[PDB]
Amino acid sequence: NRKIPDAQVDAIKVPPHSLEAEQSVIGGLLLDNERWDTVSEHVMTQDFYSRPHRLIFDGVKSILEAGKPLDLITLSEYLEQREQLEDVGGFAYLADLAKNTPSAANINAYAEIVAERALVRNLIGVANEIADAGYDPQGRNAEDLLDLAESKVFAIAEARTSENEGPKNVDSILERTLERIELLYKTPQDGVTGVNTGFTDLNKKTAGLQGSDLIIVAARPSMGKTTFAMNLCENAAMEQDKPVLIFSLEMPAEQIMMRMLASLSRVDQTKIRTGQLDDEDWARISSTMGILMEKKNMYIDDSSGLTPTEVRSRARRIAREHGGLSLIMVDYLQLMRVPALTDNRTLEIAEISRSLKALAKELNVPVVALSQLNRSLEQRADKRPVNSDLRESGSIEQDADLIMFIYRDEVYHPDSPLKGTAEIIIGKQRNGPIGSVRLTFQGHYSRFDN
Amino acid sequence: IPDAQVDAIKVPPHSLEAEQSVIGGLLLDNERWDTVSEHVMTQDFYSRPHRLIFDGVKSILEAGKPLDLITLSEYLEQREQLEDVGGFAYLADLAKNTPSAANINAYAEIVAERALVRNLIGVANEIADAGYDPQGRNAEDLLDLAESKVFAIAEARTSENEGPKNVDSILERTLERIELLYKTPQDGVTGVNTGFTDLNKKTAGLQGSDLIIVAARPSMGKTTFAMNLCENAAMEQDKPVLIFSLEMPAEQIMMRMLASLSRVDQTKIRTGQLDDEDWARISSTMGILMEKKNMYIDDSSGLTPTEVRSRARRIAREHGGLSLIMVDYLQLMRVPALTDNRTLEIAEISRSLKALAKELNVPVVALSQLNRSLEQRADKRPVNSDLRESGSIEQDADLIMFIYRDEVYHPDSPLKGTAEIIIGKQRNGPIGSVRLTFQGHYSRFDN
Amino acid sequence: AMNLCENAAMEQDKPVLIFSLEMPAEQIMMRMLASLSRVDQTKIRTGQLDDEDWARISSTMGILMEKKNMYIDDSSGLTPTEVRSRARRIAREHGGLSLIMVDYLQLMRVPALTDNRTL
Amino acid sequence: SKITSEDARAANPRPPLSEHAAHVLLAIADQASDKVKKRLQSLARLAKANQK
Amino acid sequence: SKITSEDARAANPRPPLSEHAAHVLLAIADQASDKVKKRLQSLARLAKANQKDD
Ligand SMILES: Nc1ncnc2c1ncn2[C@@H]1O[C@H](COP(=O)(O)OP(=O)(O)O)[C@@H](O)[C@H]1O
Ligand SMILES: Nc1ncnc2c1ncn2[C@@H]1O[C@H](COP(=O)(O)OP(=O)(O)O)[C@@H](O)[C@H]1O
Ligand SMILES: [Mg+2]
Ligand SMILES: [Mg+2]
């Protein structure tokens, strides 16, 4: 029983490592300084297990970043200046590192091994931290511990998310371009290549709601911004097998559903609210409900003050159940929060916009985000909304792939000949033309028609 | 021996007390099984004896048999498990040590929470073991394994208590809401009566959970309008009206209320020149107000959203709810954490009041001032942009009402004595305008 | 700016480096194809290319592939340090660069100066 | 004022539930899950008519 | 009527691929790297002979 713990302590206390790969990376850089650009993309100083190798690698990094030639003497002088040469094993050990790896062109493979070992080392460290938190919660509830575990594991995965993206040569872009064209040609392209908007005129200009697109729908209050976005959701839910995810930060799920019922059933929204539904109204609502229940392809999250991380987490959860998502709608971008950027609202909104674009690319799903137009527009009130009206609220234009504005002349001019008509202005579009689409606005039904 | 044992915590998270309370509570009521069974499973119990006892409870109740100490003891005796749980005495002790009912759901949540942490620790150990001994799995495979096991823990606690997100849950809540509306008299008003027919036609009353912003330029009758809503709620509802008068004292609010309900000249009340008829009307009005006792006036200055919420909860507990909450001037409130930014401070107050409205299921009326820039234009009616310049309160408001009096800007207006109530924003109804008779002498709005 | 890049790519042996912070690499290439081939951009987008249009696009592609003197980096929110690092990497492979194009200056970020956009 | 208040059509709301609505609610309850079926039957039970 | 009233250029899509395009795609594939060569050959394979007018 006394010989059992010594072998177990030696085999369990040593984390995964590769001293040989670490030595080969260092030795290889001493042989060919030009490989630093590639090696620096794979490994960081903290990726090394051995303390002496971290100090040596830090020296290598400092010399090469300064544009100085990396050799045994230069590195030794660097470490000597910081009184770290004795801590790494002396000049003899540096010479041994250069001697023990006479082979070049394999340095990238050794860098990947060092990075892989560091990843497992970080994973074990996180597992121990989570275990410690589980044993000693220090006042944290189960939900907080689950969120902590998810956050720490997600951080490990995020670090290894886009590791080898640097080199972007024309041959690679041509292959991806042809692959994309091939995919479009294989799918039925009768004017719509993405998620159907339900509006022919809009689809003619946008070719549908594209995957990976961050779409900003902006309007002044009561222009039908929520109404328009919901019609896009309704169309995606009725035409796609994949689910629609709605983050209703302003309105409750019951209210969104009631408006949806008013829209799909073409029943007066006021009648639904007041309960004065006739036999015909009940039959239409019931038929609509029957279809919605048959489809079951819609999720409504009415949680307030969600962070981009929480939005991403919930989206991934649902996407895993169905092998993807048809559309993600975020009710009001400005209602989201970023605890790290509370000191600056503009930067906070800019980060939310960047995070939602990253979410769109990550899940290959169109992300519709609703935004409010700046108050300065009402002072002018002479022309249609423009991109500058949104720039004043967080520079969201830079991250958006598509910007759509909602304008109703009847709101500003009740005697307008365009009563019941809403203009959808394309303010920005990466994969199509800019312009305007006229839609029939039916406020009583909370619906837009072509 | 003890130093290493004290440092090492081999005991996983558990709550024997909560487990005993769940078992003891079910022995006391039986009908609570449907709720408890939604939160806890037999495996959620840490203690082996409690798992066996709970399994017995589950079997008896699922069979529709009455659960009592004798029935449970006989059940366990048939399976030779009675000795394994501590005997009849331990079952009797479990029923004795929890004499309190209505907290069984809270204990069930604690047991479930502990089981969740217990499963999490188990998964963490499995991941640690996989990390130490990968058995031929690469780092990517270990990461996928860790993600899969953690996702499995999260999925078990996804949609536990009705899980609001899926269509089945929304359908149930939709039908429950329709049922509630149909049970209450719906003669055009589904919420708190405004006292104005034309306004009720558009709003269907003041809805529960709504944050209502009433905005007006000075002397447009903003306080007057909000108080008429309070007076109507106080006279038509059994639940109390709570007023946070941050600008005016309680005596002044009451005097204006007396002028309104009694239709006695406000100046006469102030000056004391009341005739016999005036005294009789004021006295009758006072008699009714005292009989109702359904109004609270808090005239404390510089209240924080937390203080407002705290006082509202205190009163709501006494009456099982509130009919209406009125906050005199949103801008007069304070947020000590956001003193560096007035816009953010006002935005937080607006968010907090909306949260308060949802928390207590009560309409919250908050008075706001229109921006000074409107007077520079003075060519059209107030709009939502006039409020956005003062804290972006539009985003949080469920209903925005503006007060406009043409006679204030144009004394020779043909609309003398008429005030226009503009619906600038409405979530559950149409936008538009309602004309009301403004009687400044009585501090009253009429239909 | 892209016509300047196209001319530099066709007339110089050294590579052209493009930091497209707003548009993806596929979109930049499609616009380049429309430019060098003198084919209607809408036709390229819609796929309604005639025999003549295909021949011109194909010839242009053949030349671009033969030259291989262009790099497109479509990474968003790049820092000046990252831009400098990637530029040096490519320059080392060819003994220099012919031209560096940065799509929108305002789209870049400086984590140390988040408190002031002008600075 | 009475003219101004009741001008656009007489507003006499009469919302008692019809036997027809109760019948359709029960028809839906036959296709609904047990949880929804109970709520639909409850709503149909609340529907009063008793004609003939 | 909406189409006729707001017609931003005649949208007549004619996408049949020509044998000529397939030939040029294969000619480029000869100079392309293995990864690009496979995509160009795949695109040329997708090109169907829809010749007409004669
Ligand atoms: N009962 C109703 N009858 C007619 N129109 C209504 C009714 N309820 C709402 N509306 C209209 O529906 C629209 C709701 O706008 P909404 O999308 O919620 O606001 P925002 O643009 O701020 O997101 C408005 O144009 C409003 O006039
Ligand atoms: N004695 C009085 N006689 C007539 N009108 C009065 C009298 N006292 C107050 N008023 C009117 O009552 C209104 C009070 O406005 P108030 O609601 O207190 O202001 P605010 O809009 O800033 O909240 C004004 O329109 C004022 O002219
Ligand atoms: Mg909305
Ligand atoms: Mg006041």
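Undergrad: Give me the lowdown on the overall build of chain B, citing residues and values where you can.
TA: Within chain B, the regular secondary structure consists of 19 helices and nine strands. A globule of 447 residues ought to have a C-alpha radius of gyration of about 22 Å, yet chain B, at 31 Å, is considerably larger. Residues classed as buried in chain B amount to 50% of the 447 residues present. Carbon together with sulfur atoms contributes 48% to the accessible area of chain B, which is approximately 21500 Å² in total. Across chain B, 50 positive and 69 negative side-chain charges occur, with their mean positions spaced 7 Å apart.

Undergrad: Just give me the short version of the domain arrangement of chain B, but keep the residues and values in it.
TA: It is common to give the size of an interface as the accessible area lost on bringing the parts into contact. Taken domain by domain, chain B consists of domain 1 (1-2 + 8-157) and domain 2 (197-446). Measuring from the centre of the C-alpha atoms in domain 1 of chain B to the corresponding centre in domain 2 of chain B gives 52 Å.

Undergrad: Could you give an account of the coordination of the magnesium ion (ligand 3), naming the residues involved and the relevant values?
TA: Taken together, the protein ligands of the magnesium ion (ligand 3) are A:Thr226 (OG1) and A:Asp331 (OD), with distances of 2.1 to 2.8 Å. With a gap of 105 residues between them, A:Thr226 in helix α11 (residues 225-239) and A:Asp331 in the loop between β4 (327-330) and α16 (345-363) connect regions that are remote in the sequence.

Undergrad: Now, about the interface of chain A and chain E: what can you tell me, with residues and values included?
TA: Counting from both sides, the interface comprises 12 residues of chain A and, opposite them, 11 residues of chain E. Summed over both sides, the interface of chain A with chain E buries roughly 1100 Å², with 61% coming from carbon and sulfur. Contact with chain E buries area across many residues of chain A, yet A:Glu175, A:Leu178 and A:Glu182 alone supply 44% of it, more than any other trio. For E:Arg39, the salt bridge is made with A:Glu182, and the minimal N-O distance between the two is 3.0 Å. Our count for the contact surface shared by chain A and chain E stands at two residue pairs in polar contact.

Undergrad: Break down the coordination of the magnesium ion (ligand 4) for me, citing the residues and quoting the values.
TA: Residue and element names in this part refer to chain B. Protein coordination at the magnesium ion (ligand 4) comes from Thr-223 (OG1) and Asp-328 (OD), with a distance range of 2.1 to 2.8 Å. Note that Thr-223 is positioned in helix α11 (residues 222-236) and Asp-328 in the loop between β4 (324-327) and α16 (342-360), a separation of 105 residues in sequence. Each member of the pair, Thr-223 as well as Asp-328, carries the same accessibility label: buried.

Undergrad: Break down the arrangement of the chains for me, citing the residues and quoting the values.
TA: The highest contact count of any of the six pairs of chains in contact belongs to chains A and B. A gap remains between chain B and chain C, which never touch, and the nearest two C-alpha atoms on either side lie 15 Å apart. Spatially, chain C and chain D are disjoint, and the shortest separation between their C-alpha atoms is 46 Å.

Undergrad: Run through helix α5 (residues 69-78) of chain B, naming residues and quoting values.
TA: Residues and elements named next belong to chain B. Restricting attention to buried positions, one finds in α5 the residues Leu-72, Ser-73, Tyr-75 and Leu-76. For α5, the buried positions fall inside an angular range of 160 degrees around the axis, keeping them on one side. Of the exposed residues in α5, those oriented more than 90 degrees away from the buried face are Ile-70 and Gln-78. Where α5 is buried, its residues touch α2 (16-29), α4 (48-62) and α6 (87-96). Directly beyond the C-terminal end of α5, a positive phi value near 55 degrees is found at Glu-80.

Undergrad: An account of a nonpolar patch on the surface is needed here, citing residue identities and associated values.
TA: A cluster of nonpolar side chains, contributed by A:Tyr135, B:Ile9, B:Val11 and B:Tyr46, occupies part of the molecular surface with about 340 Å² of accessible area. Note on placement: B:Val11 falls in the loop between α1 (2-7) and α2.

Undergrad: Tell me about the site of ligand 2, and please be specific about residues and values.
TA: All names here are of chain B. Taken together, 17 residues lie near ligand 2, and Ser-219, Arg-256, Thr-267, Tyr-329 and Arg-405 sit nearest. The backbone of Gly-440 places a nitrogen or oxygen atom 3.3 Å from a nitrogen atom of ligand 2. Starting from 580 Å² of accessible surface for ligand 2 in isolation, the protein chains cover 73%. Put simply, the parts of the chain that give the shell around ligand 2 at least two residues each are α11 and α13 (266-271). Here the shell around ligand 2 takes three residues from α11, the largest share from any one element. Classifying every residue of the shell around ligand 2 gives five nonpolar, eight polar and four charged.

Undergrad: How would you summarise the environment of B:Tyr296 if you had to cite specific residues and measurements?
TA: Residues and elements named next belong to chain B. Note that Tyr-296 resides in strand β3 (residues 295-298). Judged by relative accessible area, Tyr-296 falls into the partly exposed class, the value being 25%. Spatially, the C-alpha atoms of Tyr-296 and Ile-315 are 8.6 Å apart, while their sequence positions differ by 19 residues. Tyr-296 has contacts with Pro-240, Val-241, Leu-242, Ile-243, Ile-315, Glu-318 and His-319, leaving out every residue within four places of it along the chain. Side-chain polar atoms of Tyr-296 contact the side chain of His-319, separated by 2.8 Å.

Undergrad: Can you lay out the packing of helix α2 (residues 19-29) of chain E against helix α3 (residues 34-46) of chain E for me, pointing to particular residues and giving the numbers?
TA: All names here are of chain E. α3 packs onto α2 with a crossing angle of 170 degrees between their chain directions and a minimal axis gap of 8 Å. With respect to α3, the axis of α2 lies roughly antiparallel. When you trace α2 past α3, the crossing you get is left-handed. Residues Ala-22, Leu-25, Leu-26, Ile-28 and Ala-29 of α2 pack against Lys-37, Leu-40, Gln-41, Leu-43 and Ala-44 of α3.

Undergrad: Outline the sheet that holds strand β6 (residues 399-404) of chain B, listing residues and values.
TA: Residue and element names in this part refer to chain B. Read from one edge of the open sheet, nine strands run β3-β2-β4-β5-β1-β6-β7-β8-β9, paired in mixed fashion. A single partner strand is all that each edge strand has here, and the edge strands are β3 and β9 (444-446). This sheet shows a mean twist of 25 degrees between the axes of neighbouring strands, independent of strand direction. Relative to strand β5 (residues 364-369), strand β1 (residues 211-216) runs parallel, the two sharing six bridges. Bridging across to β5, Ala-216 finds its partner in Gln-369. Of the strands in this sheet, β2 (241-244), β3 and β4 are in contact with helix α15 (residues 305-319), which crosses β2 at around 160 degrees.

Undergrad: So what's going on with the interface of chain B and chain A? Residues and values would help.
TA: Every contact between the two is made by 52 residues of chain B and, on the other side, 55 residues of chain A. Between chain B and chain A lies a buried interface of about 5300 Å² when both sides are counted; carbon and sulfur atoms form 63% of it. Taken as a group, B:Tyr132, B:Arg388 and B:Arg427 account for 12% of the area that chain B buries against chain A, more than any other trio of residues on that side. Counting the contacts that link chain B with chain A gives four salt bridges. At the junction of chain B with chain A, the criterion picks out 12 residue pairs in polar contact. Mapped onto the side of chain B that touches chain A, the elements with two or more residues apiece are α7 (104-132), α8 (139-156), α9 (167-183), α16, α18 (385-388) and β7 (418-426) of chain B. Examining the composition of the side of chain B that touches chain A, we find that 11 residues originate from one element, α7(B), more than from any other. Per-class residue counts for the side of chain B that touches chain A are 25 nonpolar, 12 polar and 15 charged.

How each quantity is defined
- Residues numbered from 1 in each chain as written, not as in the entry; some residues may be left out.
- Chains lettered and ligands numbered in written order.
- Part of a larger assembly, values for the part shown.
- Heavy atoms only, no water.
- Helix = DSSP H or I, 4+ residues; strand = E, 2+ residues; numbered from the N terminus.
- Rg over C-alpha atoms; globule rule 2.2 N^0.38 Å.
- Buried < 20%, exposed > 50% of the residue type's maximum accessible area, 1.4 Å probe, protein only.
- Areas by Shrake-Rupley, 256 points an atom, 1.4 Å probe, with all protein chains shown as cover.
- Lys, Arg positive; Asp, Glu negative; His and termini not counted.
- Charge placed at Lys NZ, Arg CZ, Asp CG, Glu CD.
- Domains from an automatic or database assignment.
- Donors = N, O, S within 2.8 Å, 3.2 Å for Na, K, Ca; no water.
- Contact = heavy atoms within 4.5 Å.
- Buried area = accessible area lost by both parts, 1.4 Å probe.
- Salt bridge = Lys/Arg side-chain N within 4 Å of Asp/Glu carboxyl O.
- Polar contact = N/O pair within 3.5 Å; in protein donor to acceptor, adjacent residues only side chain to side chain.
- Arc of directions from axis to C-beta.
- Patch = residues over 30% accessible without salt bridge, like charges linked within 9 Å, V, L, I, M, F, W, Y side chains within 5 Å.
- Near = heavy atom within 4 Å.
- Nonpolar A, V, L, I, M, F, W, Y, C, P; charged D, E, K, R; others polar.
- Axes fitted to C-alpha atoms, helices over the stretch in contact; angles between N-to-C directions.
- Parallel < 35°, antiparallel > 145°, perpendicular 65-115°, else oblique.
- Left-handed = near helix turned anticlockwise from the far one by under 90°.
- Pairing = 2+ DSSP bridges.

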